[PDB]
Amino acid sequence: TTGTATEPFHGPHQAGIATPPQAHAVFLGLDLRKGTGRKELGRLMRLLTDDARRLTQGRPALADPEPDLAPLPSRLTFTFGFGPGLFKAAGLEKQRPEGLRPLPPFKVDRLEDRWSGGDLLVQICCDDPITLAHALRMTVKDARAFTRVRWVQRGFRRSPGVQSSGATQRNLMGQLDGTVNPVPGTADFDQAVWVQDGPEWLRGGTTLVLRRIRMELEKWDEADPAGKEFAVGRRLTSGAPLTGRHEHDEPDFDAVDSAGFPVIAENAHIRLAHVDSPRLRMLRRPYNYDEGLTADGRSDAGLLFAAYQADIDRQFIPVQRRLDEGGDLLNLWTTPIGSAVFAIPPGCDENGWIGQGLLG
């Protein structure tokens, strides 16, 4: 069933990346306390490893504060990530990937400290929110002594069983989101996602760019539907490129309209975001968020934009830079308010723990 289903914890890679995105996610951003060094980090990651090892398979954690909430794992997964500040605290500043650093400033940025940065990431995904809540509590319980909570970001996708697996789901702007994306279990995916160069310990792992992007829905509603599709380069209902018919049709960036102007605008989102080389693409694995209203009924909603790639400098920044300097029409209705980066180590087997190659 949806409840008894599990995702393996062990493997060459950490789960929660190639894993088809579950219905719910929480991104826990932690800062290290002063007394938390390499020794303490080792004890912590061993604690959290075994917690994930048990919980993801429906078994209570060690010293579980509520073991009856451990069953029904619902494809629970844990993904741990190390921020730039982690390495200095560990005395391993040399093994920090040179590419692992806070993203540079962009003109559209309205970043807030409460949604940015972080020394240690715990990404917990699950098809069930009760199972997720319990997993979060256990995580905090074992991380409490060594860290402070910098932020916690919750997001959702479709509930399990609403749409078939692999089918593209819509975001809170009504747009089909995830059409062009590296496919798990393919060569292009492995090259695009998993690290092969750089520091040894990170090989088999990846890097995460997590950006909290607010959807300016008040402005969005006042926009012209033709203008909305034009801004993206795809139709709302079908999800097809404006040059095409079906969702999976290849956009024609050389096509022009009756006026000789590009059908897909020069500053259309998918044009500026596109990279011709599949091996340089980023894995987008986003979650939607919707959190409360002002008295005048203005929404606080958007996207937890989670991008995974082997090299931030080669695979993310160039794209984000083109969106910014290219004057992406979508920037009129979206605003980055948070940004964090993490190095996600390789997976482990029954005889190890996440981050052993670094902290061991």
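In case it trips you up, residue 1 is the first one in the sequence shown, and so on.
**Q** Averaged over C-alpha atoms, is the B-factor higher for 324-332 or for 53-61 in this PDB entry?
**A** Stretch with the greater average CA B-factor: 324-332.
**Q** With respect to the recorded C-alpha B factors, which stretch has the higher mean value, 210-218 or 126-134?
**A** It is 210-218.
**Q** At the C-alpha atoms, which of 192, 100, 121, 270 reaches the highest B-factor in this entry?
**A** Highest CA B-factor of the listed options: 100.
**Q** Just grab whichever of 297, 302, 29, 37 has the top CA B-factor as deposited.
**A** Across 297, 302, 29, 37, the entry lists the biggest C-alpha B-factor for 37.
**Q** Please rank the C-alpha B-factors of the chain's modelled residues and tell me whether residue 310 sits in the lowest, middle or highest third.
**A** Ranked within chain, residue 310 CA B lands in the middle tercile.
**Q** Is residue 347 in the lowest, middle or highest third of its chain when residues are ranked by C-alpha B-factor?
**A** Answer is highest: the recorded C-alpha B-factor places it there.
**Q** Sort the modelled residues of this chain by their C-alpha B factor and say whether residue 82 lands in the lowest, middle or highest third.
**A** Ranked within chain, residue 82 CA B lands in the middle tercile.
**Q** Should residue 158 be placed in the lowest, middle or highest third of its chain by the C-alpha B factor in the entry?
**A** Its C-alpha B-factor belongs to the lowest third of this chain's values.
**Q** Ranked by Cα temperature factor within the chain, is residue 266 in the lowest third, the middle third or the highest third?
**A** Residue 266: CA B-factor falls in the highest third of its chain.
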